[PDB]
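Structural description and commentary
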Amino acid sequence: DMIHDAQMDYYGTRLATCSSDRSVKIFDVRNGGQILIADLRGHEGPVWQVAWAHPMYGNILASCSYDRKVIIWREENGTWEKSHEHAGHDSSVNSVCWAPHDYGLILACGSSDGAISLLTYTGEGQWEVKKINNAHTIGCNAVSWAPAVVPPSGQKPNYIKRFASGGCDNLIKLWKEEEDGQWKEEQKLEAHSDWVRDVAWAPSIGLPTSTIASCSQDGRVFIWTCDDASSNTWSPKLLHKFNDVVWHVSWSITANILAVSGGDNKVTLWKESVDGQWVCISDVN
Amino acid sequence: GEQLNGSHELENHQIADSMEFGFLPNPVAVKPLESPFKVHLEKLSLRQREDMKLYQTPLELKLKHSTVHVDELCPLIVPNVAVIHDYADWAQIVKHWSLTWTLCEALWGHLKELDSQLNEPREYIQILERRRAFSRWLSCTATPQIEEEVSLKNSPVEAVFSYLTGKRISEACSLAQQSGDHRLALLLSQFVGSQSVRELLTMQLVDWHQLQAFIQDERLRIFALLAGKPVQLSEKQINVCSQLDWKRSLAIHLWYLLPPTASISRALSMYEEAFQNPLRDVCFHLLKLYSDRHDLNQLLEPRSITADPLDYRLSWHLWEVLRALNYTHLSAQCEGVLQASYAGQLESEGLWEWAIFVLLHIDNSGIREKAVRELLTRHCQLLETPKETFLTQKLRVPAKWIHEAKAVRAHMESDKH
């Protein structure tokens, strides 16, 4: 009936999907034509968001759900079996996301109980889970990774490993992997008057002016900005407000165009003008 | 129970639904209920709007002009011979777009003087040539406007004036001769003469506007022209501004202002200071940029934050030619910003090869590397198939980078080595 989230594969070859019928379908789009390939069923409740891991680790795809469990489906010659499962949270799991391929193969999941698990991968079918309790007050909805940024020796750098995240408390808390081993909330961002729906960490076009977008029940979209590296300054700026809720927000790769999904079943595109004010480039559909 | 159960889930979730995120090669997908997947592969609209760009051959030809020197690590454009002139072939002569490129060329593109000369006067000769071409071109645009007006004019004298706007001295002189305005005819030939005759003439005008109970309106206008300062003097053809094209008036200044005393740029500036032009007019802004020679960049930013007459592509092309040419100086950062969105606009089009090429002209090495790298691997499949596309990787993509992306493709492909 109604799908929730669906994301294209890297190298634009597949297209995983999931709807409230608890079915994770992986289609294939060669030439523009859709063609199913498997219907990974396994959640006691509707699937929420879904994310493809980086081809550098073979072919992996994880899906979270209202069943409080998250699944990771590997692939070995067409063998789409699940190599690991994780039910570390008590309430539904609104979102998942993968850490930039350099950190390794880390997966971030925000539940509705107000927590956040982080599955790191080891040599074999093993997965450690550094968890964050009471991260948000009433639960969490969004989880986005901060772009992998590189900081005289034979070493792969230690990254700042940050990742933002909105929730039901209206706060968009940023986070960071403390040199010792656990994450801590580097900062809070309270600009929304109701539930934060989604939070997307725009990719850095090599540019140091890292941005982040958010949309919430109030129907406003903010593009929080940081003027320089290392200054704990996030100055929100209003994109627009619709009389209805905004459900999703995503960044287009090159221009940094924002796809604003929400309001009237309509989706909008925005590009920040040479003036600084954001505009609607067109109406989709 | 299922029905009740479902409603149970929705309220707590506070669920209402619509979803959209960017796809990896920047497209957009939203929920179609009509497609079978329930996702729609949206072709992101392309802001970039230009026929030749799609065509692969222009990109290839464009590459030959550029000389790519390595950066230290990556590529980077070093000599570049891009000219606005080049674009013209790939454009309708009629199209206004062609007009912008053409005019930009006449002003901006370097002019070559075949004849050998002593030296310093070469600059002098070169300016005349450029001035000659530029003034000639303006006459082309003005021509229908002028001719229409002359056809309606019910006088002999006014047209003689009108021909002058046409920049045709001889015809005006002839008409004057025919009209019996013998004296005026002789004076007319003076036009195109920077001669100091201007002063005597201004004197005549002064004497007149200090008594002169009667002088023909048009005769005075002709005198205003020979004076050399048509719109900056007392007995101004400023009022004419409502009547004629701003361009038409500009020509008069260019043609009679005082060609020798001032440079083409300063002279144009001289005219521009007098009249304010539509901000939106592209052709007009170009003159500003041309005239603004001393703060070209400074003007550019305000042109940017005013109107969008300049397309994204043009801005980039303009910056690049001027920079390579040493015609003007522009901010490295400003130059890059210009490049980035162009590179992006191309990417949205799906013209990855062309988009990569542009990325090359990026001053920032760090940004370049990231931008080119990210694109190469993601897109590596398409880049391989043609020689034109072959040449692209051939530009200066590092070998490691090419195969490296290729390797990733294999793991995904499940056929490795």
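Residues numbered from 1 in each chain as written, not as in the entry; some residues may be left out. Chains lettered and ligands numbered in written order. Part of a larger assembly, values for the part shown. Heavy atoms only, no water. Residues with missing side-chain atoms left out of burial classes, pairs and counts.

In terms of determination method and resolution, the entry is listed under cryo-EM at 23.00 Å.

Per the PDB entry, the recorded name for chain B is NUCLEAR PORE COMPLEX PROTEIN NUP96, and the organism is Homo sapiens. In the PDB, the structure is listed with the title "Human nuclear pore complex".

Per the PDB entry, chain A goes by PROTEIN SEC13 HOMOLOG and derives from Homo sapiens. Per UniProt, chain A carries the Sequence similarities text "Belongs to the WD repeat SEC13 family." (UniProt positions renumbered as here; feature names shortened; annotations may be inferred.)

1. Comments concerning the sheet that holds strand 6 (residues 61-65) of chain A
All names here are of chain A. The strand order 5-6-7-8 describes an open sheet built from four strands, whose pairing is antiparallel. Among the strands making up the open sheet, the edge pair consists of strand 5 (47-52) and strand 8 (82-86). Ignoring which end each strand starts from, the neighbouring axes of this sheet average 15° apart. With four bridges joining them, strand 7 (residues 70-73) and strand 8 adopt antiparallel strand pairing. (Pairing = 2+ DSSP bridges. Helix = DSSP H or I, 4+ residues; strand = E, 2+ residues; numbered from the N terminus. Axes fitted to C-alpha atoms, helices over the stretch in contact; angles between N-to-C directions.)

2. Overview of the interface of chain A and chain B
The interface is formed by 20 residues belonging to chain A together with 18 residues belonging to chain B. Put simply, the parts of the chain that give the side of chain A that touches chain B at least two residues each are strand 1 (3-8), strand 21 (246-251) and strand 22 (258-262) of chain A. Per-class residue counts for the side of chain A that touches chain B are ten nonpolar, nine polar and one charged. (Contact = heavy atoms within 4.5 Å. Nonpolar A, V, L, I, M, F, W, Y, C, P; charged D, E, K, R; others polar.)

3. Considerations on the pairing of strand 4 (residues 34-41) of chain A
Residues in a regular strand project their side chains so that they alternate between the two faces of the sheet. Residue and element names in this part refer to chain A. Sheet topology note: the strand 3 (residues 23-29)/strand 4 ladder contains six bridges and is antiparallel. Bridge pairing links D28 to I35 in strand 4. Count of turn residues in the strand 3/strand 4 antiparallel hairpin: four residues, of which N31 carries a positive phi of about 90°.

4. A word on unusual backbone geometry
All names here are of chain A. We note that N256 has phi near 80°; this positive angle belongs to a residue other than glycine. Mapped onto the fold, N256 is located in the loop between strand 21 and strand 22. For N265, which is not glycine, the phi torsion reads 65° and is therefore positive.

5. Section: the sheet that holds strand 21 of chain A
All names here are of chain A. Strand order across the open sheet formed by four strands is 21-22-23-24, with antiparallel pairing between neighbours. What marks the edges here is a single partner per strand, and that holds for strand 21 and strand 24 (278-283). Each adjacent strand pair in this sheet contributes to an overall mean axis angle of 30°, direction not counted. By the bridge criterion, five bridges tie strand 23 (residues 267-272) to strand 24 in an arrangement that is antiparallel. In the sheet register, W270 faces strand 24, and the bridge partner there is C280.

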